[PDB]
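Trainee: Pasting in a structure now, in structure tokens, and then I'll have a few things to ask.
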Amino acid sequence: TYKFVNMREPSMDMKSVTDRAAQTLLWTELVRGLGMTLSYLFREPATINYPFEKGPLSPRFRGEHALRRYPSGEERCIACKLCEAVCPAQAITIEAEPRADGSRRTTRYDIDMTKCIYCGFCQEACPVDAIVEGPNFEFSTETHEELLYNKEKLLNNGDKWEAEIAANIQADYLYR
Amino acid sequence: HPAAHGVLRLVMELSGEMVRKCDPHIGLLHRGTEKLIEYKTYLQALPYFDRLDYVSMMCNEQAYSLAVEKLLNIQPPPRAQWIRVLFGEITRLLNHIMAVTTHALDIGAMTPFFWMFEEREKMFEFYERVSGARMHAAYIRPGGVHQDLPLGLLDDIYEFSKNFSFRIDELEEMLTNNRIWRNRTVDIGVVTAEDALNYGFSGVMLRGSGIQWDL
Amino acid sequence: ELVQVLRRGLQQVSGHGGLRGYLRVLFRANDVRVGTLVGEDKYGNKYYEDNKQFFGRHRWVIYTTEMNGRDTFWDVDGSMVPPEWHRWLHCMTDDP
Amino acid sequence: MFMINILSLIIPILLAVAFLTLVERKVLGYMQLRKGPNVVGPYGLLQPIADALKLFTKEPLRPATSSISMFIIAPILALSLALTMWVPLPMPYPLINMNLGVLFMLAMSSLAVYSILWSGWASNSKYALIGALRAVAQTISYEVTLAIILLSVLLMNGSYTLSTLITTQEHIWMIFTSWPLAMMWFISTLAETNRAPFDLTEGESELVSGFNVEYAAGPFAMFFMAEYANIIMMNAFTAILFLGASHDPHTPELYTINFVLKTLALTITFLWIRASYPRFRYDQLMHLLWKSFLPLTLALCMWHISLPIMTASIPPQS
Amino acid sequence: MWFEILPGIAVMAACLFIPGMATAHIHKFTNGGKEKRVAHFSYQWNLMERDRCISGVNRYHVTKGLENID
Amino acid sequence: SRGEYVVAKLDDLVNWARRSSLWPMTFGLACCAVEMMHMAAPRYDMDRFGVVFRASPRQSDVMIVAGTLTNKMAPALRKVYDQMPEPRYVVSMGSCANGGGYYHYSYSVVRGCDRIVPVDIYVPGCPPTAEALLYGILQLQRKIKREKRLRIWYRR
Amino acid sequence: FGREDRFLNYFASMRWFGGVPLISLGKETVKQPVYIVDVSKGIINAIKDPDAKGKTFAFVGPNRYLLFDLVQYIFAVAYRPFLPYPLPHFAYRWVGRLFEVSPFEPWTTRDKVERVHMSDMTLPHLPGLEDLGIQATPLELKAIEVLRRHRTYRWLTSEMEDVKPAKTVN
Amino acid sequence: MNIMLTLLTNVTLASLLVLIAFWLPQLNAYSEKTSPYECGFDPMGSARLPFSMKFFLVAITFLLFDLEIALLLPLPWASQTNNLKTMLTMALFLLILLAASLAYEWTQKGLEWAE
Ligand SMILES: COC1=C(OC)C(=O)C(C/C=C(\C)CC/C=C(/C)CC/C=C(\C)CC/C=C(\C)CC/C=C(\C)CC/C=C(\C)CC/C=C(\C)CC/C=C(\C)CC/C=C(\C)CCC=C(C)C)=C(C)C1=O
Ligand SMILES: CCCCCCCCCCCCCCCCCC(=O)OC[C@H](COP(=O)([O-])OCC[N+](C)(C)C)OC(=O)CCCCCCCCCCCCCCCCC
Ligand SMILES: CCCCCCCCCCCCCCCCC[C@@H](O)O[C@H](CO[C@H](O)CCCCCCCCCCCCCCC)COP(=O)(O)OCC[N+](C)(C)C
Ligand SMILES: CCCCCCCC/C=C/CCCCCCCC(=O)OC[C@H](COP(=O)(O)OCCN)OC(=O)CCCCCCC/C=C/CCCCCCCC
Ligand SMILES: CCCCCCCCCCCCCCCCCC(=O)OC[C@H](COP(=O)(O)OCCN)OC(=O)CCCCCCCCCCCCCCCCC
Ligand SMILES: CN(C)C(=N)NC(=N)N
Ligand code: SF4
Ligand code: SF4
Ligand code: SF4
């Protein structure tokens, strides 16, 4: 079905003609627009008091990255390179070798945050929940090099945000 | 230029202020998306479609997903289909708000821009609740949708839809019957139905010219 | 009544600990609202909630004047909150 | 003491211009559901000071293709005439009492036209030239209509003295007497001051900042000051001409308070209109005045010539 | 809220009060506490010049009367 | 010293004006520009902080490079940056402006606007949220607050 | 000499002070300026040459000019009216002393005046750009880069070949 | 005298503002900074080329109507005369001729901009 947005004709009776002439000479619809803006003036503003107030977020929010640990302190990442394989932008560089104790662990884990598109495929592809996208989004730097995270930086982010990251994963892990 | 949307170079010949010819120079935002898609896989190419029409993002994702599922010979489940349609309509609301408000801003009116962009902010919150990304969700994928809705999303969407017709009415109070808006827009850019069909216009262009067509 | 609004303003003036406290909260926070004290972290930041305000403005933080070793009397960042209060303020949970 | 009076007329006008900038920001914000500047100072009161210091400590440049002489003269002329228009206004006592105080303001406005023309032509850029020509057309239309409207309204008064305007409006208001001319005069002052919906010389949507596209730092600030001073001066002229205030010779402060309140009301109406309406096209503006206002203006001029004669209500010459 | 606009309008009004009040005070100060004489015509100007001459101090606002004629 | 005190106070006054009056150029390239609009929107009103868009480069202090910079567009970006009078600052917003972004290995994309213009602040994200961009603007303001031009000149 | 130099800009900025003051009318001064890109390339090649470890080089241009002819050519390329006049050395020294009271960067100083008046030495024994592998760029090829900024709108678009090269002294 | 002093004060203040603006801040000018503005690209032509004026006739009509308003301005003093009927007839005659000029131009399409 369909409807005509503009196919109405005005009546030509004297009362309607006089009303249209009054609208032409006396700017009725212009005063109407003025009244609408005055109403909005007296309404309550919709501005938050940043940075003392923050907009709502969800447990699914994708922000700054982090590498997690097991509750015993061991790193979760096992150098499986699934995140490196699935990364759309090829932002992850991983190099690994057997550790001293024989574990499969990474020696290099780089994420170029200027190449990352913050899509969250890496945390979907991780089989051990090692790499996650934390809730942090205020991590702007003053130089380009500071956005080239390495394994030490990501582990520090994980250790710093572990409580909030664990809470978000607990909240949203039943939908995954 | 404020009216050139950032990446349009319009080389114009003017006799006085009358426009003698327009020569749109595009490609200032050509990135090579198709070549890169050729180099990616089918799941890795989804955000590329997310970033094509960055005002109808879930619509782009839905188009790509429909194409891939047609090639794969699979069918998304009914709940996934209903979520796709719901978020496609939410995306249509976002896009039409952007279009109307930016058009009115290029004309000279800005209060509707601010109001309807507050509404856009609320819809962005819906996007972020389902997907974690405020605009480039990458939520609709070949085979259905990535994740299920959280347990309050439908109620909040109902509240938003309940309180939105009033926003559209306030938008219309400033533009629909305003004689300045009518003078600026009436009999500007008239295109005939045959011209639209031959030139390849689709959607609102055809419908405004009067062709009864909708996919 | 305008008298009620003026009395609420006077209570807000007296609610921050005198005129000096009102001036301090006005100059370094641009807000003079009064809310219930949800809690305070180890760094000195205070967190308040007011459910009567519309969503987004129902929770706020007054930052400390000195964090770690930097004087933050006027230079207040959005990253000065610990992760738990960060989650609470950004409303990923309703539990402080 | 006359230099002291000149300073007392100049400096408060500039201060009011800066705080009109702030007020317009905040009013537009609250009509657009925002807060406007409230961070720089208490309720954002230091925002104009910050803007002025930033502008006058920023580097100003002369374009390579510009005519430097007329590039510099234009902001000087604009600000000088903006400050000069205030000298015959009675609040309730004019600084300079002129027998023909209205024609002086008309002539100075017509001269204030040329600042934007010369700045646009001197800049030697296509956007500046387009803005200058838009100014030419706008001044054509509003100038003829303004002349006739002022003629009729002052014909209801008897002379061209603003103090005589106060005396005329002792009892009732010229708005009550002649509201149609008041509406057309308000529209004409919008066009004259280049405010929305007639902000065509500096139309950001079509032209990138219009005639002052090449102006930066201090010379840009002078154009902004001149425009806002013109806004306030035209609103004050409208308030004196149509909304007459009671004058007490022994306590003149009451007239000053009433005049200031009415001027602020009209300026806020200007900001309100800017927030509420779209922008005209300049051909549509030219066709608006000539094809709508000019016929009514001529008819009302005939009516206001005849009305004192047929009602035996001719005002005294002095 | 909308009353956060009032301080700016208050400052603008305070600035606009200064010119008129200053002009009135200066007119009364330089004219012996009385209004500045309005001379729009040659008759009024001649009256002012006569007042200057008869004052004996070269100031038109120094008014003389019956005590001066006799 | 008296001269040191005077120059410290003067350049605190000058830095305050520049910090509190920021005028970004009306210049957005891609999807990152929509988040600039949402920062201008009522929710995160940038006009509160003295941040006001100006169309002309002659009247702008900050260039927010928000979007993909292509080879066909880099000359225009450099031209408008040069036409901005000093002091001027650059905020690269989003992955495309920061590095390459999704289009790093592309024949038609400049790998970072810092190859073209000197960038002062880098805001990560695709796109950065409006709060993230606002944090970047505040960080730029705090960076301006540390500038000591008169203090350097006095000891020069 | 280059876009940001003192030399060509110093001679081309004397438009503002009426005429061009020259000591002995600049007929007793011989100068051979060198190009900035040539100097930088020579510095780079000095690093990469292992046989320049403990040496001394003399970077000079290919042509030597009198000061009068050099300034006349500068004003010809800038398309400004050239009005030279002789100024005695003591008067120029006092003028330079006047300009060096500025707390900011002075426009000219007494030492700058002396260096401008002094002729460039000839050091044929020391190596140079040709020895470091760089062919010196003549002033007539790169002067218009520096001096196009000083022209007016009437003469901005004038080409490089419109001005006959200055008279050299070789 | 007073008006001359006022004009001198205004012009001197504006000139002082310009002088402060052009001398207080640090200057750093080069060819790219001072080039003309055309949205980031070099202009094809020149800004001094002829710019067609589609309302050339309305400008001349504006000249004539400016004369008409100059004639009409002394009306407030002419209304104090004893020949009120002659004054009224002449004022209405001038206004009717102005209206006739406008009507003739409007019907002959002199107010339509050139295409
Ligand atoms: C690139 O894609 C895009 C984006 O990105 C991706 C976007 O985001 C958006 C979203 C943006 C918008 C919707 C709006 C943006 C567009 C605009 C055109 C901006 C709109 C803003 C407004 C309409 C309102 C904002 C206000 C503005 C613009 C005005 C600017 C302010 C100034 C110029 C102020 C400067 C002037 C001043 C300060 C006055 C001068 C100072 C004085 C007169 C003070 C002097 C006083 C004295 C000298 C007196 C001193 C003496 C005293 C006190 C006493 C001394 C006495 C003695 C006796 C000594 C869009 C649309 C977009 O398309
Ligand atoms: C033409 C106008 C004349 C009347 C002026 C009325 C008062 C004007 C008030 C407004 C002033 C505006 C500037 C404010 C201050 C900031 C700028 C500043 O410091 O500029 C100073 C300028 C600064 O030079 P600058 O060009 O480097 O300016 C850059 C300034 N900063 C770094 C702050 C951006 O000083 C000079 O130009 C001169 C410095 C000393 C050198 C003296 C040279 C000799 C000629 C002058 C001295 C007298 C000679 C007498 C004998 C002559 C015969 C031999
Ligand atoms: C316009 C006409 C020309 C006027 C010429 C100048 C006249 C005086 C101008 C008025 C000066 C106002 C200074 C305002 C002080 C800043 C207010 C205070 O908030 O700043 C603090 C201190 O500011 C700086 O430390 C110094 C500011 C200036 C201090 C005084 C400088 C010298 C003023 C006196 C000399 C003026 C006359 C000499 C020149 C003519 C730091 O706070 P800030 O981080 O930012 O705020 C962030 C916002 N938060 C808090 C919500 C996050
Ligand atoms: C002093 C304070 C006054 C304040 C007034 C504020 C009013 C509200 C302000 C908001 C308006 C500002 C933005 C609007 C600008 C544009 C408005 C506008 O378009 O008006 C023009 C309008 C629109 O024309 P079109 O629609 O294009 O039709 C043309 C057909 N060919 O037309 C007009 O001319 C209206 C102008 C008002 C005419 C006056 C009414 C005439 C009534 C006459 C009756 C009285 C006769 C007197 C004789 C009495 C006999 C006893
Ligand atoms: C009670 C008695 C009075 C007490 C107060 C007295 C002073 C009041 C203010 C007078 C005006 C300023 C006076 C000069 C201040 C010092 C300026 C200076 O010398 O700056 C030099 C320096 C240039 O940099 P430089 O180190 O030379 O490096 C070369 C470039 N590579 O650095 C710079 O150039 C920095 C760039 C800005 C310089 C100009 C701004 C200086 C501060 C001005 C504040 C007032 C502004 C008023 C504006 C007009 C009114 C609105
Ligand atoms: C950059 N984009 C997408 C815009 N719509 N831009 C704009 N200035 N309206
Ligand atoms: S969020 Fe996406 S683009 Fe970023 S590192 Fe993970 S997989 Fe790569
Ligand atoms: S997907 Fe997880 S376990 Fe595998 S390499 Fe990446 S972070 Fe390590
Ligand atoms: S960084 Fe992401 S959101 Fe920003 S322009 Fe690039 S693709 Fe768009």
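Each chain in the structure tokens gets a letter, A, B, ..., in the order shown, and its residues are numbered from 1; ligands are numbered from 1 in order too.
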Write out as CSV the residues of chain B that have any atom within 12 Å of an atom of ligand 7, one row each with the nearest atom pair and its distance in Å to one decimal, counting only C-alpha atoms and all ligand atoms, sorted by chain and then rising number.

Mentor:
```
residue,atom,partner,partner_atom_place_in_ligand_line,distance
B:43,CA,ligand 7,7 (S),11.0
B:44,CA,ligand 7,7 (S),8.9
B:45,CA,ligand 7,3 (S),11.5
B:46,CA,ligand 7,2 (Fe),11.3
B:47,CA,ligand 7,2 (Fe),9.3
B:48,CA,ligand 7,3 (S),11.4
B:132,CA,ligand 7,1 (S),11.2
B:133,CA,ligand 7,1 (S),10.7
B:136,CA,ligand 7,2 (Fe),11.6
B:137,CA,ligand 7,1 (S),11.6
B:138,CA,ligand 7,2 (Fe),10.4
```

Trainee: Those same residues, written as a PDB file, in the first residue's frame with N, CA and C atoms?

Mentor:
```pdb
ATOM      1  N   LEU B  43      34.243 -13.481   6.798  1.00  0.00           N
ATOM      2  CA  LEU B  43      33.993 -12.881   8.102  1.00  0.00           C
ATOM      3  C   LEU B  43      34.819 -11.622   8.315  1.00  0.00           C
ATOM      4  N   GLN B  44      36.032 -11.579   7.771  1.00  0.00           N
ATOM      5  CA  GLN B  44      36.888 -10.413   7.918  1.00  0.00           C
ATOM      6  C   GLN B  44      36.448  -9.239   7.057  1.00  0.00           C
ATOM      7  N   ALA B  45      35.612  -9.477   6.052  1.00  0.00           N
ATOM      8  CA  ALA B  45      35.137  -8.430   5.161  1.00  0.00           C
ATOM      9  C   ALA B  45      33.860  -7.767   5.649  1.00  0.00           C
ATOM     10  N   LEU B  46      33.278  -8.250   6.741  1.00  0.00           N
ATOM     11  CA  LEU B  46      32.054  -7.647   7.262  1.00  0.00           C
ATOM     12  C   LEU B  46      32.246  -6.214   7.752  1.00  0.00           C
ATOM     13  N   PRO B  47      33.267  -5.884   8.550  1.00  0.00           N
ATOM     14  CA  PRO B  47      33.434  -4.480   8.950  1.00  0.00           C
ATOM     15  C   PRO B  47      33.646  -3.527   7.784  1.00  0.00           C
ATOM     16  N   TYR B  48      34.199  -4.002   6.664  1.00  0.00           N
ATOM     17  CA  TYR B  48      34.297  -3.151   5.483  1.00  0.00           C
ATOM     18  C   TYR B  48      32.926  -2.655   5.063  1.00  0.00           C
ATOM     19  N   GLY B 132      28.228  -3.536  21.711  1.00  0.00           N
ATOM     20  CA  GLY B 132      29.430  -3.010  22.309  1.00  0.00           C
ATOM     21  C   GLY B 132      30.089  -1.902  21.523  1.00  0.00           C
ATOM     22  N   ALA B 133      29.639  -1.645  20.301  1.00  0.00           N
ATOM     23  CA  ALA B 133      30.130  -0.543  19.491  1.00  0.00           C
ATOM     24  C   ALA B 133      28.971   0.387  19.187  1.00  0.00           C
ATOM     25  N   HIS B 136      29.693   1.216  14.544  1.00  0.00           N
ATOM     26  CA  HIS B 136      30.152   0.123  13.685  1.00  0.00           C
ATOM     27  C   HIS B 136      30.032  -1.183  14.457  1.00  0.00           C
ATOM     28  N   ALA B 137      28.805  -1.698  14.491  1.00  0.00           N
ATOM     29  CA  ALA B 137      28.485  -2.806  15.381  1.00  0.00           C
ATOM     30  C   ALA B 137      29.108  -4.114  14.913  1.00  0.00           C
ATOM     31  N   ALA B 138      29.060  -4.390  13.609  1.00  0.00           N
ATOM     32  CA  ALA B 138      29.432  -5.698  13.068  1.00  0.00           C
ATOM     33  C   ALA B 138      28.632  -6.804  13.748  1.00  0.00           C
TER      34      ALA B 138
END
```

Trainee: Quick one: which residues from chain C are at most 9 Å off chain F, using only C-alpha atoms, as a list in words?

Mentor: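 The contacting residues on chain C are residues 75, 77 and 78 of chain C.
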
Trainee: Please produce a file of those selected residues containing C-alpha atoms, as a PDB file, in the first residue's frame.

Mentor:
```
ATOM      1  CA  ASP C  75      43.560  19.383  36.273  1.00  0.00           C
ATOM      2  CA  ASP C  77      41.031  13.676  34.262  1.00  0.00           C
ATOM      3  CA  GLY C  78      38.384  11.127  33.385  1.00  0.00           C
TER       4      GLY C  78
END
```

Trainee: Pull out every residue of chain A sitting within 6 Å of chain B, counting only C-alpha atoms, and send them as a list in words.

Mentor: residues 33, 58, 60, 61, 62 and 88 of chain A

Trainee: Quick one: distance from atom 41 (C, counted along the ligand's line) of ligand 2 to atom CA of residue 60 of chain D in Å, one decimal?

Mentor: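 Between atom 41 (C, counted along the ligand's line) of ligand 2 and atom CA of residue 60 of chain D the gap works out to 21.3 Å.
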
Trainee: Pull out every residue of chain G sitting within 12 Å of chain F, counting only C-alpha atoms, and send them as a short mmCIF file (atom, residue, chain, number, x, y, z; two decimals) with C-alpha atoms, in the first residue's frame.

Mentor:
```cif
data_model
loop_
_atom_site.label_atom_id
_atom_site.label_comp_id
_atom_site.auth_asym_id
_atom_site.auth_seq_id
_atom_site.Cartn_x
_atom_site.Cartn_y
_atom_site.Cartn_z
CA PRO G 103 64.80 42.59 23.19
CA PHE G 104 63.50 40.32 20.43
CA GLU G 105 65.40 39.23 17.32
#
```

Trainee: I'd like the contact shell of segment 21-31 of chain D - 7 Å cut-off, only C-alpha atoms, skipping same-chain residues fewer than 3 positions apart - returned as a PyMOL selection string.

Mentor: (chain A and resi 37-38+40-41+45) or (chain D and resi 17-18+34-37+47-48+271+275) or (chain E and resi 2+5+8-9)

Trainee: Neighbouring residues of residue 171 of chain D were defined as those with any atom within 10 Å, considering only C-alpha atoms; residues of the same chain fewer than 3 positions away were excluded. Please report them as a list in words.

Mentor: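 Final neighbour list, sorted by chain and number: residues 166, 167, 168, 174, 244, 245 and 246 of chain D.
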
Trainee: Go through H:82, H:106, H:25, H:20 one by one, measure the shortest atom-to-atom distance of each to ligand 4 using only C-alpha atoms and all ligand atoms, and give the residue with the smallest value.

Mentor: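 Checking each candidate against ligand 4, we get H:106 as the closest.
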
Trainee: Residues within 9 Å of ligand 9 (only C-alpha atoms and all ligand atoms), as an NGL selection string?

Mentor: (:A and (114-118)) or (:B and (47-48 or 50-52 or 54 or 135-136)) or (:F and (29-35 or 66-69 or 93-98 or 100-103 or 124-128))

Trainee: Please dump the current selection as a short mmCIF file (atom, residue, chain, number, x, y, z; two decimals), in the first residue's frame; keep N, CA and C atoms.

Mentor:
```cif
data_model
loop_
_atom_site.label_atom_id
_atom_site.label_comp_id
_atom_site.auth_asym_id
_atom_site.auth_seq_id
_atom_site.Cartn_x
_atom_site.Cartn_y
_atom_site.Cartn_z
N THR A 114 46.78 1.86 16.39
CA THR A 114 46.47 2.73 15.27
C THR A 114 46.02 1.95 14.04
N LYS A 115 46.23 0.64 14.03
CA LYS A 115 45.73 -0.23 12.98
C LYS A 115 44.49 -1.00 13.39
N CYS A 116 44.28 -1.18 14.69
CA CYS A 116 43.11 -1.89 15.18
C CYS A 116 41.84 -1.12 14.86
N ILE A 117 40.79 -1.86 14.50
CA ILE A 117 39.48 -1.28 14.22
C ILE A 117 38.48 -1.58 15.32
N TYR A 118 38.94 -2.12 16.44
CA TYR A 118 38.13 -2.31 17.64
C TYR A 118 36.84 -3.05 17.32
N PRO B 47 33.27 -5.88 8.55
CA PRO B 47 33.43 -4.48 8.95
C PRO B 47 33.65 -3.53 7.78
N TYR B 48 34.20 -4.00 6.66
CA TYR B 48 34.30 -3.15 5.48
C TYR B 48 32.93 -2.65 5.06
N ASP B 50 30.43 -2.55 7.12
CA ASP B 50 30.02 -1.70 8.23
C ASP B 50 30.42 -0.25 8.00
N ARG B 51 31.55 -0.02 7.33
CA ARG B 51 32.10 1.32 7.16
C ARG B 51 31.82 1.94 5.80
N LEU B 52 30.96 1.32 4.98
CA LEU B 52 30.70 1.87 3.65
C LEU B 52 29.73 3.05 3.72
N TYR B 54 28.31 4.72 6.51
CA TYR B 54 28.44 4.72 7.95
C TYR B 54 27.30 5.38 8.65
N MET B 135 28.46 2.73 16.84
CA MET B 135 27.98 2.72 15.46
C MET B 135 28.40 1.49 14.68
N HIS B 136 29.69 1.22 14.54
CA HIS B 136 30.15 0.12 13.69
C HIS B 136 30.03 -1.18 14.46
N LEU F 29 36.11 13.99 7.51
CA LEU F 29 36.40 13.22 6.31
C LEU F 29 35.58 11.95 6.16
N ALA F 30 35.30 11.24 7.24
CA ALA F 30 34.70 9.91 7.13
C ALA F 30 33.83 9.67 8.36
N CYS F 31 33.57 8.39 8.66
CA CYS F 31 32.66 8.02 9.74
C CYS F 31 33.07 8.61 11.08
N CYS F 32 34.34 8.92 11.28
CA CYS F 32 34.76 9.55 12.53
C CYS F 32 34.17 10.94 12.69
N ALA F 33 33.66 11.54 11.62
CA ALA F 33 33.06 12.86 11.72
C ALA F 33 31.71 12.82 12.42
N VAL F 34 31.01 11.69 12.36
CA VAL F 34 29.72 11.59 13.02
C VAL F 34 29.88 11.69 14.53
N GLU F 35 30.96 11.13 15.07
CA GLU F 35 31.20 11.27 16.50
C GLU F 35 31.57 12.69 16.88
N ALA F 66 39.66 13.77 11.28
CA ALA F 66 38.76 12.69 11.68
C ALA F 66 38.30 11.95 10.43
N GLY F 67 39.04 10.93 10.05
CA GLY F 67 38.67 10.10 8.93
C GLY F 67 39.89 9.69 8.14
N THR F 68 39.63 8.92 7.09
CA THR F 68 40.70 8.40 6.25
C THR F 68 41.26 9.49 5.36
N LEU F 69 42.58 9.62 5.36
CA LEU F 69 43.28 10.57 4.51
C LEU F 69 43.80 9.82 3.29
N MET F 93 42.09 11.85 15.01
CA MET F 93 41.04 11.10 15.67
C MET F 93 40.78 9.82 14.89
N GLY F 94 40.74 8.70 15.59
CA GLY F 94 40.42 7.43 14.97
C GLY F 94 41.63 6.74 14.37
N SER F 95 41.44 5.45 14.06
CA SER F 95 42.54 4.64 13.55
C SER F 95 43.02 5.12 12.19
N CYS F 96 42.10 5.51 11.30
CA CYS F 96 42.50 5.92 9.96
C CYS F 96 43.42 7.12 10.00
N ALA F 97 43.10 8.10 10.84
CA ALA F 97 43.97 9.26 10.97
C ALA F 97 45.24 8.92 11.72
N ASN F 98 45.14 8.12 12.78
CA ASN F 98 46.30 7.78 13.59
C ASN F 98 47.34 7.04 12.77
N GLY F 100 47.06 3.61 9.79
CA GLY F 100 46.34 3.38 8.56
C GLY F 100 44.90 3.04 8.82
N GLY F 101 44.65 2.37 9.94
CA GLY F 101 43.32 1.87 10.23
C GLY F 101 43.03 0.60 9.46
N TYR F 102 41.76 0.41 9.12
CA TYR F 102 41.36 -0.74 8.33
C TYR F 102 41.99 -0.72 6.94
N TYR F 103 42.49 0.42 6.50
CA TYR F 103 42.96 0.64 5.14
C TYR F 103 44.46 0.91 5.11
N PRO F 124 42.58 7.25 19.99
CA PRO F 124 42.35 5.93 19.40
C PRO F 124 40.88 5.56 19.40
N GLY F 125 40.55 4.61 18.54
CA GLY F 125 39.19 4.12 18.43
C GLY F 125 38.71 4.10 17.00
N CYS F 126 37.66 3.32 16.73
CA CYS F 126 37.12 3.19 15.37
C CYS F 126 35.61 3.07 15.44
N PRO F 127 34.90 4.19 15.62
CA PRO F 127 35.39 5.54 15.93
C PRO F 127 35.57 5.73 17.42
N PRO F 128 36.36 6.69 17.87
CA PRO F 128 36.38 7.00 19.30
C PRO F 128 35.01 7.51 19.72
#
```

Trainee: What residues have any atom no more than 7 Å from ligand 4 when counting only C-alpha atoms and all ligand atoms, and can you list them as an MDAnalysis selection string?

Mentor: (chainID A and resid 24:27 30:31) or (chainID B and resid 179) or (chainID D and resid 175 180 182:184 186:187 197 238 242 273 277 288 291:293 300)

Trainee: Please identify every residue of chain D that has at least one atom no more than 12 Å from any atom of chain C, counting only C-alpha atoms, and report them as a list in words.

Mentor: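 Close enough to count are residues 35, 37, 38, 39, 40, 41, 42, 43 and 44 of chain D.
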
Trainee: Take the residues that were just selected and, keeping C-alpha atoms, output them as a PDB file, in the first residue's frame.

Mentor:
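As written to disk, again_10.pdb reads:
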```pdb
ATOM      1  CA  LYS D  35      23.921  24.518  28.353  1.00  0.00           C
ATOM      2  CA  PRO D  37      29.517  28.110  27.974  1.00  0.00           C
ATOM      3  CA  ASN D  38      29.591  27.389  31.694  1.00  0.00           C
ATOM      4  CA  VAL D  39      33.166  26.163  32.287  1.00  0.00           C
ATOM      5  CA  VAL D  40      35.488  29.118  31.638  1.00  0.00           C
ATOM      6  CA  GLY D  41      34.159  31.226  34.497  1.00  0.00           C
ATOM      7  CA  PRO D  42      31.269  31.358  36.948  1.00  0.00           C
ATOM      8  CA  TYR D  43      28.364  30.581  34.601  1.00  0.00           C
ATOM      9  CA  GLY D  44      30.871  31.088  31.786  1.00  0.00           C
TER      10      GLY D  44
END
```

Trainee: So, with only C-alpha atoms and all ligand atoms as the atoms that count, which of D:52, D:150, D:129, D:1 lies closest to ligand 1?

Mentor: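 Of D:52, D:150, D:129, D:1, the one nearest ligand 1, counting only C-alpha atoms and all ligand atoms, is D:52.
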